[PDB]
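In structure tokens, the next block holds one chain alone, the form solved without ligand ADP.
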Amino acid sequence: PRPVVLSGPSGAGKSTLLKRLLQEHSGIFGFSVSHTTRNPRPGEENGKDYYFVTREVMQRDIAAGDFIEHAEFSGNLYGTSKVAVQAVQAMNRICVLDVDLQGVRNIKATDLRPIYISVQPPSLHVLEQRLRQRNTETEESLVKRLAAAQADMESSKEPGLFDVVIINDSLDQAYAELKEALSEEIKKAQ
């Protein structure tokens, strides 16, 4: 199955849509479990949301060549390990990736050959309004995420970068566009 790379600004809803996509389509999709050095959030599960490792363990895995790609966000390391993608491929499931723009760039040079989907908010201020109204992290983490969102949004205008660009006006609308873009591949796996 062709992998699916979900990107876009952090907080724009790509993870909410991803979770709904996997829950609605049992047996079809598998989530790529990235490594990260950031602290886990309450409710996040090691080996399910991320492989939560120390910086020392992350650098050792990097040096061993464990990662298809790795990146930095807010002073922490993230990466897609070969094992995380191979684990889904060994299930014959559609592997779904959730990475930032730099991950998209590096994945372009690999043999994965996925479909690239960007999940964009309607505007930078609407994204901040949604994240501030949530009020789930400090001003430092929020602003660091919003600063990264500015760069992620401007690059969605690059021709050929993303196969599909979804603007999250509402989560139901954005999910309907996600299912349409993957309709042929879902039908194939089904």
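Only residues modelled in both forms are compared. In this text, residue numbers run from 1 along the sequence as written. For the two forms, the rigid core is made up of the largest set of C-alpha atoms that agree within 1.5 Å on superposition.
The form deposited with ligand ADP bound exists for this protein as well; it is not shown, and the discussion that follows is about that form.
Relative to ligand ADP in the bound PDB entry, residues 12, 134 and 168 are all within 4.5 Å by at least one heavy atom. Among residues of the shown chain, residue 144 is not one whose heavy atoms approach ligand ADP to within 4.5 Å in the bound PDB entry. With the two forms fitted on their core, the C-alpha shifts between this form and the one not shown stay under 2 Å for all of 157, 134, 60, 48 except 134. Once the rigid core is overlaid between this form and the one not shown, residue 144 counts among the residues whose Cα shifts by 2 Å or more.
Mapped along the sequence, displacements between this form and the one not shown of 2 angstroms or more at every C-alpha, sustained over at least 3 residues after core alignment, occur solely at 129 to 144.
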